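Here the structure comes first, spelled out in structure tokens, and everything after it is commentary.
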Amino acid sequence: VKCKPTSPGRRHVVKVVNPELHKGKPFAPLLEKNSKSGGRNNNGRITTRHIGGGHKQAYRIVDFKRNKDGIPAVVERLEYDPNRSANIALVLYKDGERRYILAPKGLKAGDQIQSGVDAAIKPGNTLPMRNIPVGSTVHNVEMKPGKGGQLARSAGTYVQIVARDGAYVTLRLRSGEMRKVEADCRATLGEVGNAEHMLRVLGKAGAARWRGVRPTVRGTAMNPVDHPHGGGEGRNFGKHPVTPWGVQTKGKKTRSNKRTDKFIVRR
RNA sequence: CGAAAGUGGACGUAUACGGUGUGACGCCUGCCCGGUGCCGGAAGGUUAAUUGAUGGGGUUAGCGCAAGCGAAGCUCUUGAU
């Protein structure tokens with residue numbers, strides 16, 4: 001580690017390792033804006049993209065974009081949302097409203113928080129890229145002006161602009177190299193989500209893995225049929241790609257709309 | 001997955017999702033890119049459909065006791081580029 005607060009580390013008692021818990025978000029039990037959630041990985045018939053199972057779920061939760069504007073929010077409390085490790089905060093506006101948001105770093109205890117063109121440049125709320133300096137640290141932008149997609153994976157996930165780019169397009173995703181995006185779009189400007197939140201190890205399958213997805217491991221396993229490689233006395237020799245996918249890099253995504261992003265190296 | 005619509009991936013979005021191999025942990029993981037595969041380049045050589053230059057043949061108004069020559073059109077071929 002290197003920050004506050006460090007992450008507990010279970011001690012050797014019954015094959016135990018790193019866990020995950022916060023400083024606190026005082027309460028253990030949510031609000032109400034949520035759905036029911038689907039269930040499995042299967043596609044109206046066949047499995048599709050194997051792997052996917054295990055119980056424990058529910059809890060949908062929401063909010064993105066942030067259509068609402070210049071109306072002062074107040075962070076009600078940080079909160080833990082399933083599947084996605086990016087916390088969530090709560091927030092109440094000065095008119096009893098209550099969206100959710102992706103809990104930035106410095107947040108908790110109330111705080112400023114304002115959206116709309118021309119708003120405090122801290123980590124409050126979304127803001128049209130235009131009305132933003134260099135944004136060495138913006139947030140979950142949107143490929144389009146209205147949406148809120150992009151990097152909702154907040155957890156340590158950032159994005160760097162380029163001070164003042166014209167033509168109305170910029171941004172620099174993580175490994176996404178360079179890529180221009182409509183400047184009439186807005187970014188939370190905060191850009192955080194706590195990294196250590198993703199700095200512990202599940203532990204030992206079962207009570208750490210199974211509680212999410214099935215054995216995502218098949219390896220050769222042999223049996224020249226179940227996979228494009230098998231049999232043999234006890235070893236591999238040859239190619240090992242499933243459905244001649246060709247795991248030798250290859251790359252994909254060709255022609256069509258988009259593909260008008262830039263730079264992108266190859267190491 | 002599906003002729004498609006659509007659906008899963010995910011109401012997730014690179015600290016995410018997939019595929020491959022190894023299989024806690026400890027100390028480590030050396031030399032070879034010739035072969036095959038993959039990744040980048042793509043200047044030059046070779047090269048598909050496509051357009052179809054140019055020539056060659058058929059037929060025949062006409063020129064002719066005969067020998068043959070044959071335009072224009074239509075055709076069969078040829079294939080530059």
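Here, A, B, ... name the chains of the structure tokens in the order displayed, residue numbers run from 1 inside each chain, and ligands are numbered from 1 in the same displayed order.
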Please build the interface table for chain B against chain A with a cut-off of 8 Å, listing for each qualifying residue the nearest atom pair and the distance in Å to one decimal; count only C-alpha atoms (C1' of nucleotides), order rows by chain and increasing number, and write it as CSV.
residue,atom,partner,partner_atom,distance
B:1,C1',A:48,CA,5.8
B:7,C1',A:43,CA,5.6
B:8,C1',A:43,CA,4.8
B:9,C1',A:49,CA,7.2
B:11,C1',A:60,CA,8.0
B:12,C1',A:84,CA,7.6
B:13,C1',A:151,CA,5.3
B:14,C1',A:175,CA,6.5
B:15,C1',A:198,CA,5.3
B:16,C1',A:153,CA,6.6
B:19,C1',A:247,CA,6.3
B:20,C1',A:247,CA,6.1
B:21,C1',A:219,CA,7.3
B:38,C1',A:248,CA,5.4
B:39,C1',A:249,CA,7.8
(message) Just want the 8 Å neighbourhood of residue 187 in chain A, counted on only C-alpha atoms (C1' of nucleotides), with same-chain residues fewer than 4 positions away dropped. Output as an NGL selection string.
(response) :A and (125-129 or 138-142)
Write the residues you've just listed into a file as a PDB file, in the first residue's frame, and include N, CA and C atoms for each of them.
ATOM      1  N   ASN A 125     -19.340  17.687  -9.891  1.00  0.00           N
ATOM      2  CA  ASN A 125     -20.247  17.071 -10.841  1.00  0.00           C
ATOM      3  C   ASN A 125     -19.714  17.224 -12.275  1.00  0.00           C
ATOM      4  N   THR A 126     -20.434  16.607 -13.200  1.00  0.00           N
ATOM      5  CA  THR A 126     -20.158  16.605 -14.626  1.00  0.00           C
ATOM      6  C   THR A 126     -20.023  18.046 -15.119  1.00  0.00           C
ATOM      7  N   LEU A 127     -19.490  18.225 -16.325  1.00  0.00           N
ATOM      8  CA  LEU A 127     -19.297  19.558 -16.905  1.00  0.00           C
ATOM      9  C   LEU A 127     -18.823  19.439 -18.351  1.00  0.00           C
ATOM     10  N   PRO A 128     -19.481  20.153 -19.281  1.00  0.00           N
ATOM     11  CA  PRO A 128     -19.081  20.083 -20.689  1.00  0.00           C
ATOM     12  C   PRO A 128     -17.584  20.266 -20.826  1.00  0.00           C
ATOM     13  N   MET A 129     -16.934  19.303 -21.466  1.00  0.00           N
ATOM     14  CA  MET A 129     -15.496  19.354 -21.670  1.00  0.00           C
ATOM     15  C   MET A 129     -15.041  20.760 -22.039  1.00  0.00           C
ATOM     16  N   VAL A 138     -10.359  14.423 -15.482  1.00  0.00           N
ATOM     17  CA  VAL A 138     -11.798  14.632 -15.707  1.00  0.00           C
ATOM     18  C   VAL A 138     -12.676  13.542 -15.080  1.00  0.00           C
ATOM     19  N   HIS A 139     -13.162  12.598 -15.899  1.00  0.00           N
ATOM     20  CA  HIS A 139     -13.991  11.476 -15.423  1.00  0.00           C
ATOM     21  C   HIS A 139     -14.754  10.693 -16.507  1.00  0.00           C
ATOM     22  N   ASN A 140     -15.831  10.014 -16.098  1.00  0.00           N
ATOM     23  CA  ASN A 140     -16.673   9.217 -17.000  1.00  0.00           C
ATOM     24  C   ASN A 140     -17.340  10.095 -18.060  1.00  0.00           C
ATOM     25  N   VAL A 141     -16.589  10.386 -19.114  1.00  0.00           N
ATOM     26  CA  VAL A 141     -17.063  11.210 -20.218  1.00  0.00           C
ATOM     27  C   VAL A 141     -18.150  10.457 -20.988  1.00  0.00           C
ATOM     28  N   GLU A 142     -18.412  10.885 -22.217  1.00  0.00           N
ATOM     29  CA  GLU A 142     -19.415  10.252 -23.063  1.00  0.00           C
ATOM     30  C   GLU A 142     -18.977  10.443 -24.509  1.00  0.00           C
TER      31      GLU A 142
END
(message) I want to know what sits within 7 Å of range 94-107 of chain A, based on only C-alpha atoms (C1' of nucleotides), with residues of the same chain fewer than 6 positions away left out; could you give that as a PyMOL selection string?
(response) chain A and resi 62-64+71-73+78+86-88+123+154+190-194
Store the residues picked out above in a file with C-alpha atoms, as a compact mmCIF listing (two decimals), in the first residue's frame.
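Saved the output as again_1.txt:
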# COMPACT_ATOMS: atom_id res chain seq x y z
CA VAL A 62 -28.29 4.11 -10.94
CA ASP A 63 -27.59 7.66 -12.24
CA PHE A 64 -25.04 8.95 -14.74
CA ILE A 71 -28.58 23.15 -8.09
CA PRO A 72 -26.30 22.43 -5.05
CA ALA A 73 -25.88 18.78 -4.17
CA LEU A 78 -20.60 6.92 0.53
CA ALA A 86 -16.33 2.28 -7.58
CA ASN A 87 -18.34 3.05 -4.44
CA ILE A 88 -21.23 5.40 -5.08
CA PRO A 123 -14.74 16.92 -8.10
CA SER A 154 -14.35 4.90 -11.76
CA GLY A 190 -13.62 14.59 -10.40
CA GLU A 191 -12.25 11.31 -11.80
CA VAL A 192 -11.59 8.83 -8.98
CA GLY A 193 -13.07 5.78 -7.34
CA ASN A 194 -10.30 4.65 -4.99
(request) Please provide the set of residues having any atom within 12 Å of range 70-75 of chain B, restricted to only C-alpha atoms (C1' of nucleotides), with same-chain residues fewer than 2 positions apart removed, written as number ranges by chain. (result) B: 57-64, 68, 77
